[PDB]
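First to last, the protein sequences are chains A and B.
Going by the working numbering, the first sequence opens with residue 74, and the numbers climb by one from there.
Going by the working numbering, the second sequence opens with residue 38, and the numbers climb by one from there.
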Amino acid sequence: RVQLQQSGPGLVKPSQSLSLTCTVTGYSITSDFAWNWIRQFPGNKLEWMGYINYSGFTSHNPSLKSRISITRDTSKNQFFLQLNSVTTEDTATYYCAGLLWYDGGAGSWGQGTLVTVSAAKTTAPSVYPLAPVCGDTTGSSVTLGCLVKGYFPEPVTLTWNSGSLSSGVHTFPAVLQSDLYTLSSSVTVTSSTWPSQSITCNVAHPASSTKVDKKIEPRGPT
Amino acid sequence: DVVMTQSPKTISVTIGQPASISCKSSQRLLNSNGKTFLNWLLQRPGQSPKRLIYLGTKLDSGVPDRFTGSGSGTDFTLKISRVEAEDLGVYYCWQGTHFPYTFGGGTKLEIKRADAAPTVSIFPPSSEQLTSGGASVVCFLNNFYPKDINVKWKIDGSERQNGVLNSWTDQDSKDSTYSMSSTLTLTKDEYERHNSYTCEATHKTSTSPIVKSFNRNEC
């Protein structure tokens with residue numbers, strides 16, 4: 074069907090502009106739809122920002138009064154969001170979403186892109202392995218961990234064994250302190266399988282272009 | 038602007054049971070051509086909202102027929118004939134009839150299930166973090182139900198509450214449980230000063246807390 078994918082910078086300085094792109098595939102943007110920008114606040118309140126429709130005609134929320142431009146490039150099958158004069162109050166997840174002009178149906182949203190409005194600096198994380206204490210390995214299951222600490226801004230991506238280990242995983246929401254984030258993730262497996270089958274935390278921080286692949290080593294001889 | 042009011046705030050439903058939620062708009066949503074631009078959306082944990090219902094009463098493209106939308110004028114209802122665990126998340130209504138378009142505040146659908154005690158796991162600071170001069174002790178409290186749970190930290194038998202940071206997961210659709218992570222962060226020098234580190238979880242499933250401990254400098 075039609076698919077949308079947002080791209081654009083995830084960290085913007087106060088009083089500058091946010092600039093995002095929505096790339097549409099599986100459908101021509103000059104047919105049938107209204108191409109909308111919607112944002113979700115940390116609270117989780119959703120706000121409609123505006124649209125550009127298949128003919129180029131636009132509309133936006135008066136709450137944004139004059140800060141917002143919505144444009145398209147038909148040769149590229151893309152539409153765009155520009156929002157100026159930003160403040161921390163514009164920190165949110167931005168979604169592009171197409172709805173059929175005719176009946177509001179077929180709602181299709183991109184993945185969502187987080188935009189942080191902050192003067193804080195981009196910092197790569199330290200990824201620390203969380204190896205189980207000896208006494209906790211003699212059970213039928215064993216739980217291993219990975220601590221991602223001191224990064225900015227969100228987000229990071231975290232997988233286990235490059236994504237082949239997906240069952241029994243818990244990745245927790247990041248916690249922000251002093252303009253650095255900390256995230257942890259746990260993975261539980263059959264005790265007999267470890268450490269014969271190694272377990273590695275794969276962490277990416279696109280903002281700082283940094284990746285760490287941390288093999289979890291047991292406590293005791295390795 | 039049109040105000041959309043969703044009730045109830047939160048609903049907790051047993052798998053296999055029905056669920057009904059309401060959206061009431063401050064203005065009628067019928068239009069001049071006979072269409073009613075009222076949509077319902079579901080947002081699962083970690084994803085974007087996705088379509089359910091449109092035109093007030095119509096099933097959107099590819100949606101399971103377990104969802105039904107009813108109502109007109111200003112009062113709308115979404116019903117789920119039989120709830121499945123994957124239906125958990127936040128449900129929103131949306132109006133496209135009056136500019137500017139607006140969303141309900143959302144209704145969170147939670148799955149009711151059998152109580153479950155947490156699996157508690159504690160982790161000393163890593164050797165790499167210790168070379169950094171910082172030391173985090175991590176405790177996971179995994180797969181419990183219900184969602185209310187306490188965690189207390191002890192150092193050498195004495196409770197510590199400073200430098201503690203917690204983070205909870207959304208309900209898991211696989212088993213309908215909750216997980217939580219707690220992190221106690223110290224300087225390497227304070228960590229290296231004490232021996233015993235203890236994580237204690239208190240959950241309704243147990244009259245006695247779940248306790249996990251370790252000694253510094255011991256495997």
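Cβ atoms here follow ideal geometry from the backbone N, Cα and C, with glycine treated the same way.
Whole-angstrom C-beta distance between residue j and residue i, which should lie under 8 Å
i                : j                : result
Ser213 (chain B) : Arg150 (chain B) : 4 Å
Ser92 (chain A)  : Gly99 (chain A)  : Not really, about 24 Å apart at Cβ, beyond 8 Å.
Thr222 (chain B) : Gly171 (chain B) : 7 Å
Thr196 (chain A) : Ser281 (chain A) : 7 Å
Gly178 (chain A) : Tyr91 (chain B)  : 4 Å
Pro205 (chain A) : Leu217 (chain A) : 6 Å
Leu167 (chain B) : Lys225 (chain B) : 5 Å
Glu123 (chain B) : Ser219 (chain B) : Actually they are not in contact, since the Cβ atoms of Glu123 (chain B) and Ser219 (chain B) sit about 28 Å apart, beyond 8 Å.
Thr94 (chain B)  : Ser107 (chain B) : 6 Å
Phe245 (chain A) : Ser173 (chain B) : The Cβ separation is near 13 Å, so there is no contact.
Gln79 (chain A)  : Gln184 (chain A) : 6 Å
Where residue i meets chain B, residues with beta-carbon distance less than 8 Å
i                : result
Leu203 (chain A) : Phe160, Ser163 and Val175
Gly171 (chain A) : Within chain B, no residue comes near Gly171 (chain A); the closest Cβ sits about 11 Å away, beyond 8 Å.
Residue i, enclosing alpha helix (DSSP H) - first and last residue
i                : result
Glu123 (chain B) : Looking at the DSSP string, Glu123 (chain B) is not in any alpha helix (DSSP H), and its letter there is neither H nor E.
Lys225 (chain B) : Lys225 to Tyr228
Listed by chain order, chain B residues near residue i by CB distance under 7 Å
i                     : result
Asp176 (chain A)      : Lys72, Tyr91 and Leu92
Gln184 (chain A)      : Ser85
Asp209 (chain A)      : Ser158
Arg140 (chain A)      : Going along chain B, no residue has its Cβ under 7 Å from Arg140 (chain A), so there is no contact; the nearest lies around 14 Å.
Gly293 (chain A)      : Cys256
residue 318 (chain A) : Residue coverage of chain A in this structure runs from 74 to 295, which leaves residue 318 (chain A) outside it and unanswerable.
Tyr168 (chain A)      : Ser85
Bridge partner(s) assigned by DSSP for residue i
i                : result
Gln198 (chain B) : Partner(s): none; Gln198 (chain B) has no beta bridge.
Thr196 (chain A) : A:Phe225
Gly108 (chain B) : B:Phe113
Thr156 (chain B) : B:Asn179
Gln76 (chain A)  : A:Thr98
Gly218 (chain A) : A:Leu203 and A:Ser259
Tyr127 (chain A) : Bridge partners of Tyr127 (chain A): none, in fact.
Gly171 (chain A) : A:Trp108 and A:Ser181
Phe153 (chain A) : A:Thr94 and A:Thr144
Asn252 (chain B) : B:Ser233
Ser44 (chain B)  : B:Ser59
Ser204 (chain B) : B:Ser218
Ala277 (chain A) : A:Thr230 and A:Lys284
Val85 (chain A)  : A:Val190
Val174 (chain B) : B:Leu221
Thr166 (chain A) : A:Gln113 and A:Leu187
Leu119 (chain A) : A:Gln113
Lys95 (chain B)  : B:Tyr91
Neighbouring residues, chain A, relative to residue i (Cβ below 9 Å)
i                     : result
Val127 (chain B)      : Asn117
residue 257 (chain B) : Residue 257 (chain B) is absent from the structure shown; chain B starts at 38 and stops at 256.
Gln198 (chain B)      : Residues of chain A passing the Cβ test: none, with the nearest at roughly 15 Å.
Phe136 (chain B)      : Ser132, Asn134 and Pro135
Boundaries (first-last residue) of the beta strand (DSSP E) holding residue i
i                     : result
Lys191 (chain B)      : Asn187 to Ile192
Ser271 (chain A)      : Element bounds for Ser271 (chain A): n/a, residue is neither H nor E.
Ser164 (chain B)      : No beta strand (DSSP E) contains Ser164 (chain B), which is instead part of the alpha helix (DSSP H) from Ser164 to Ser169.
residue 296 (chain B) : The first residue shown for chain B is 38 and the last is 256, placing residue 296 (chain B) beyond what the model contains.
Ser49 (chain B)       : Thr47 to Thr51
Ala238 (chain B)      : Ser233 to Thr239
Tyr138 (chain B)      : Note, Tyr138 (chain B): premise wrong, no beta strand (DSSP E); not H, not E.
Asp252 (chain A)      : Note, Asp252 (chain A): premise wrong, no beta strand (DSSP E); not H, not E.
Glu147 (chain B)      : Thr144 to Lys149
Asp286 (chain A)      : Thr283 to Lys288
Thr244 (chain A)      : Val242 to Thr244
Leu187 (chain A)      : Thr186 to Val190
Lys87 (chain B)       : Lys87 to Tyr91
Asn76 (chain B)       : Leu75 to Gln80
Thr230 (chain A)      : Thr230 to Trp233
Listed by chain order, chain A residues near residue i by CB distance under 7 Å
i                : result
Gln43 (chain B)  : Near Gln43 (chain B) there are no residues of chain A at all, since even the closest Cβ is about 12 Å away, more than 7 Å.
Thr239 (chain B) : Going along chain A, no residue has its Cβ under 7 Å from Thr239 (chain B), so there is no contact; the nearest lies around 19 Å.
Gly194 (chain B) : What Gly194 (chain B) touches in chain A: nothing, since even the nearest Cβ is about 18 Å away.
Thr206 (chain B) : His243 and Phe245
Contact list for residue i against chain A, beta-carbon separation under 8 Å
i                : result
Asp97 (chain B)  : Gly178, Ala179 and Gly180
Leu202 (chain B) : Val248, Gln250 and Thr255
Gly110 (chain B) : Simply none; closest approach about 17 Å.
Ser169 (chain B) : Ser199
Point to revise | Touch test, the segment 128-138 of chain B against the segment 69-85 of chain B, Cβ-Cβ under 8 Å, three pairs minimum | key: yes
Review point. Three or more beta-carbon pairs under 8 Å between the segment 148-155 of chain A and the segment 167-180 of chain B, yes or no?
Key: no
Practice item. Indicate whether the contact test is met: 3 or more Cβ pairs, each with one atom in the segment 97-111 of chain A and one in the segment 166-178 of chain A, closer than 8 Å. Key: The answer is yes - the segment 166-178 of chain A touches the segment 97-111 of chain A, with three or more Cβ pairs under 8 Å.
Check your understanding: Would you call the segment 273-293 of chain A and the segment 98-106 of chain B in contact, with 3 or more CB pairs under 8 Å?
Key -> no
Exercise for review: Evaluate contact between the segment 133-144 of chain A and the segment 41-53 of chain B, counting only Cβ atoms and requiring at least three cross-stretch pairs below 8 Å.
Suggested key: no
Exercise for review: Flag this pair as touching only if the segment 190-204 of chain B and the segment 223-242 of chain B have three or more C-beta atom pairs under 8 Å; answer yes or no.
Suggested key: yes
Review point. Is the segment 219-229 of chain A touching the segment 111-124 of chain A in the sense that three or more CB pairs, one from each, lie closer than 8 Å?
Key: Contact between the segment 111-124 of chain A and the segment 219-229 of chain A is absent, because fewer than three Cβ pairs lie under 8 Å.
Exercise for review: Check whether the segment 267-282 of chain A touches the segment 232-250 of chain A, taking contact to mean three or more Cβ pairs, one atom from each stretch, closer than 8 Å.
Suggested key: yes
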